[PDB]
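In: An experimental structure, sequence included, is below.
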Amino acid sequence: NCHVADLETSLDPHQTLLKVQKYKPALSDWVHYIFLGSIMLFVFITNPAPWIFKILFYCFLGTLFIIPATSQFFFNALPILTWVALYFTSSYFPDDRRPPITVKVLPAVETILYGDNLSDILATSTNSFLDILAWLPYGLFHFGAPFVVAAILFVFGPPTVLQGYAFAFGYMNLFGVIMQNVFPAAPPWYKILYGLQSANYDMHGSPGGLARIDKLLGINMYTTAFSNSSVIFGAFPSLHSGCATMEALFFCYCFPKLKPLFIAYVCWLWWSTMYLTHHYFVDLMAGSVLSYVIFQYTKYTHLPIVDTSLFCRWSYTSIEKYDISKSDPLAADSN
Amino acid sequence: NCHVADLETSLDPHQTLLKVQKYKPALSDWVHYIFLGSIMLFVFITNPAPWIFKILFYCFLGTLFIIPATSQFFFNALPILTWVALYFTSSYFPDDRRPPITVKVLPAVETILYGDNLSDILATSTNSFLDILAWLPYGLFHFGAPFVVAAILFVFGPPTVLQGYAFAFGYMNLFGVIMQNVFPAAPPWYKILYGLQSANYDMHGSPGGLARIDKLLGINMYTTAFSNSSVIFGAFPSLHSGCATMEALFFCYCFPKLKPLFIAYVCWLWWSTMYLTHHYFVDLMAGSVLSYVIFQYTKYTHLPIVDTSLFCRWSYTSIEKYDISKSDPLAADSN
Amino acid sequence: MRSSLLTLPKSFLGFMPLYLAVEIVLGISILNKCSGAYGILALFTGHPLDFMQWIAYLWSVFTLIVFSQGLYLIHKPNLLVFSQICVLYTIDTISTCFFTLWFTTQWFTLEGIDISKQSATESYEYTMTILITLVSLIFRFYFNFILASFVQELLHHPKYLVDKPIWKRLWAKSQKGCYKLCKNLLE
Amino acid sequence: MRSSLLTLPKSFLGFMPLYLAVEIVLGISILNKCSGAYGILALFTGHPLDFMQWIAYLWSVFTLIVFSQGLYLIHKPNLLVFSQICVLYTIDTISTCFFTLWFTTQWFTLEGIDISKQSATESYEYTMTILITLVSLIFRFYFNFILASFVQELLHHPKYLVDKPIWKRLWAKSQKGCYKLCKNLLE
Amino acid sequence: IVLXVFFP
Amino acid sequence: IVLXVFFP
């Protein structure tokens, strides 16, 4: 029997319920589940949608959570669902119950801590080749990357690496949404277009350089899609940068041999985001430090120890959780 | 040492945290705490009030929850707090996101299952003595009774009876508020005044006979206080009847010798509520059956076994939880 | 008079023993006859009742005393008492069906944009009325089956096994005959 | 040159060992010098920089290579390397303070009812600016103390104990002198 | 007190 | 898809 390798092949909810009978939590798990269920049911009550639609959705979600195979998948996916639900519900928050827009704080922190307005620096001179070079990681690889990371981490990573990936990705995006709602901020194209004056939630967003991309390949793909968005002032912390950093950290954790590639990818994505005038550098750095700390916790916790002689998941015959106490250089005088 | 009798005299949060380390839950407790924390944080996000006020309130509530003596008191009181918070927050729900008013369902169920409109029956002939006789249990003893029940159950009841009282009272009132928000209904004075036509949430409530009480003792105590309320269409289930039934059931549980007194009190309160034209009889019966089932659970669970030879709490030297399995008449052939 | 299958449950929705459910059933029933008590108050207040409501209210009080005996003897059975209760409760179930039909007939013979939305549609009100009436009727029938099964499984046992003015003669003969009836039906 | 009390923490906010915090500190620092890398891209793009920004960016890259060595040697210490890192990080802390003052000066020299509420008050914007700048500065100083303490408690041990062109001579002499400096300061 | 009215 | 825009 190769239990570690194989997924769950049982289909009876009784097993799940008896596991919940058996499982023992700690304060970590108490606050985890209390917080996540809190957000879930808050979204249930809020989020204007027909009550029958919402009841059916949550009932299907529950019966998907409770059946062992789909249970393990979607129960681990839980934080991602919380992120998505809270994001759209927050799109349905009321206009004058959310904080005022800070159009002056991000340029201040950036010019103070990093020299100049780096978005303006990288956008001083633009052309078509650079427009495409920025369009790729912004609009294509950003959206395709979480699923590719899941597939590659599932096959080539050790077992249960994907659980930690789901946990870290979900909590990163959740804290990102919470901090975007707590602290609103106008992205750089706002200073480019209007300048320094004060904003309000009754103005439409703008693409930036994706407008040039739209002109290039003749659609209107992005102008309409942006200019009626609800996260216009949602440019702190970065979520493009946070996601890119999380994906690259997990690639560098699972594949430690071809590592420079992923750092080059992240720098490509940061340049792409500040090229199209969608972020300040402090935005990307809030996102990146958030993702970094989250991943450090999740790696010196939950995540297992990768092996280097083993090809793919189905050749891993053990789960090995990291150990803070032994591994430290500043040991207990073991020799 | 008389551990059972004495309250908690430690004052260090470390003990509480180590208890939470030690404590082991079941699905009952998982759903309990998830649901209660869900409602708490939903109220936190909703309930328009200055964010600093709300943060201070919740921080004080937490530090009150975490210190052992006040911890046991207020942590057991938790469902009552959830009830109060959800009630006022629901007072702050938006006007057109809550169901339409049913001004025809309660009279229908009442005339169908109980003969006639009993509120009209008891209000056919009114005077001053009856006005006072109805004013007492509605406006005075109703408000004074939960605290008197707590005091008497604490002194004369066994230890931990008050925990079950807090649990049952809180969950009764919580389900009452939830069902009042799910299913709105116009109380009998609505049919008396307007008749059968359709309501809307932009009309003011009315006292009923408390208007006569106001005229009697010259104030304006009740007319103004009612005619700008937010639970005008909140007359199902009854909460006067639910509270009266819960208090009387606990009195009849702790004091099984002078029991007819409490039943007479409940019938007095039901007459008082249908006299002032504030409830239908189906209202009171929804409230009473809700309270009855809740108390039956809480008594054949959590609640301890009362003794009859023991005067007051501080003479109880044991806690004895009821036992379904042994006590049933339909036993396992024990003799 | 003869045997009959009459399949009955041995739990209240699976998750609870019979006797506790029996106590809950009796308590739920007693309350709903407090309403008859308030009708006899309609006697004093002045509201003019008619013969059908009088019958309903007096029958309510009658069954209220009997089911009060039942609620007293929950924890210590007595097969006469509970057989009387079971059959009297079945008769009361038939009477409840008759009276619900009578009174529903009674009542249906005797009866900008946002503000438009805030008031329930007539279809919704009729739907809720029918839902609440039928929920009560199915719960009545389930309670009746719970009582029947409790009496049956009191019968098939050991201990609980049945063996002054016209008052006591009549009441004790009523219980004995009712036990005979229930025993033939369920045993 | 002589001894000094210099009280230092032996944890990051109590709840974590020094070496893990050291790795986190180095990683947090390396990112913020990727910004200097993008300044050297400002070289190509066309934006005209001035000497102060050039100094900041080149110093950023310099310390970026050094702290990259640090991030490589986290799990296996090497007292030369980490002493170099500690002192270079302290010099960079002084330079960070100077540059933050310079650039704040730089920027402050070079700069119905509902809609009124939706826009932040100037006091709020200045408050947030000062909050975020100072949070960065205190976190910088705390990181600096973490590095110092890690080097000290690497010193007081066993194993971790220090004992081609002008390139390698210069770098190895730099590490040796820096170790001497740190050893005198902390031991 | 407006809950389940007493004075405020 | 409007989340973190792809097509709808």
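Out: Thanks, I have the structure now. Numbering: from 1, shown residues only, chains lettered A, B, ... in the order given.
In: What segments of chain E are helices?
Out: For chain E, helices defined by DSSP state H do not occur.
In: List the contacts of residue A:35.
Out: Applying C-beta atoms under 8 Å, 6 or more residues apart in numbering or on different chains to residue A:35 gives the contacts residue B:41. Where C-beta positions appear, they are placed from N, C-alpha and C, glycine not excepted.
In: separation between it and residue A:78?
Out: Applying C-beta to C-beta, to the nearest Å, the value for residue A:35 to residue A:78 is 11 Å.
In: Ok, residue A:217 next?
Out: Using C-beta to C-beta, residue A:217 is found at 38 Å from residue A:78.
In: what about residue A:171, how many residues close to it?
Out: Residue A:171 has 22 neighbours, counted by other C-beta atoms under 10 Å in any protein chain shown.
In: quick check, it in a helix?
Out: Yes - remark: residue A:171 belongs to a helix, assigned using DSSP: H, G, I helix; E, B strand; the rest coil.
In: who's in contact with the residue nearest to it when sequence neighbours are not counted?
Out: Using C-beta to C-beta, 6 or more residues apart in numbering or on different chains and skipping residues adjacent in sequence, the residue nearest residue A:171 is residue A:79, 5.5 Å away. Counting by C-beta under 8 Å, 6+ apart, residue A:79 makes contact with A:36, A:166, A:167, A:169, A:170, A:171, A:173, A:174.
In: repeat for residue A:154
Out: Taking C-beta under 8 Å, 6+ apart as the test, what residue A:154 contacts is A:161, A:162, A:313.
In: Same check on residue C:68?
Out: Contact partners of residue C:68, counting by C-beta under 8 Å, 6+ apart, are residue C:30.
In: Quick check: which element contains it?
Out: Assigned by DSSP states H and E, residue C:68 belongs to helix C:51-72.
In: where do the helices sit along chain C?
Out: C:18-45, C:51-72, C:79-109, C:113-118, C:122-155, C:166-186.
In: Of those helices, which stretch is the most buried?
Out: Of these, the one with the most neighbours on average (mean count of other C-beta atoms under 10 Å in any protein chain shown) is helix C:18-45, at a mean of 20.
In: tell me the angle that one makes with helix C:79-109.
Out: 50 degrees (axes from the mean of the first three to the mean of the last three C-alpha atoms, to 10 degrees).
In: Identify the residues contacting residue A:267.
Out: Going by C-beta under 8 Å, 6+ apart, residue A:267 touches D:34, D:37.
In: now it, what's its secondary structure?
Out: Following three-state DSSP, residue A:267 is assigned to helix.
In: and the residue of chain A found nearest chain D, how many residues sit next to it?
Out: With C-beta to the nearest C-beta, the shortest gap between chain A and chain D falls at residue A:198, namely 3.5 Å. Neighbour count for residue A:198, taken as other C-beta under 10 Å: 19.
In: who's in contact with the closest residue to residue A:299 other than its chain neighbours?
Out: Closest residue in space to residue A:299, ignoring its immediate chain neighbours: residue A:253 at 6.3 Å, by C-beta to C-beta, 6+ apart. Neighbouring residues of residue A:253 by C-beta under 8 Å, 6+ apart: A:295, A:299, A:303, A:306.
In: Over to residue C:43?
Out: With contact set as C-beta under 8 Å, 6+ apart, residue C:43 has these partners: residue C:49.
In: Next, format the contacts of residue A:253 as TSV and append neighbour count.
Out: Shown next, in TSV, are those (neighbours: other C-beta atoms under 10 Å in any protein chain shown):
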residue	neighbour count
A:295	24
A:299	18
A:303	24
A:306	17
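In: So which of these are in helices?
Out: Of the contacts of residue A:253, the ones assigned to helices by DSSP H are A:295, A:299.
In: Closest to residue A:91 out of the contacts of residue A:253?
Out: For the contacts of residue A:253, the minimum distance to residue A:91 (C-beta to C-beta) is 27.5 Å, reached by residue A:295.
In: so the closest one touches residue A:247, yeah?
Out: No - in this structure residue A:295 lies outside contact range of residue A:247 using C-beta atoms under 8 Å: 10.3 Å.
In: so how many other residues sit close to residue A:215?
Out: Neighbours around residue A:215, by other C-beta under 10 Å: 13.
In: Mind listing what's buried along the helix or strand harbouring it?
Out: Here residue A:215 sits within helix A:210-216, counting by DSSP H and E. Across helix A:210-216, burial judged by 16 or more other C-beta atoms under 10 Å in any protein chain shown covers A:210, A:211, A:212, A:213, A:214.
In: Thanks a lot, catch you later.
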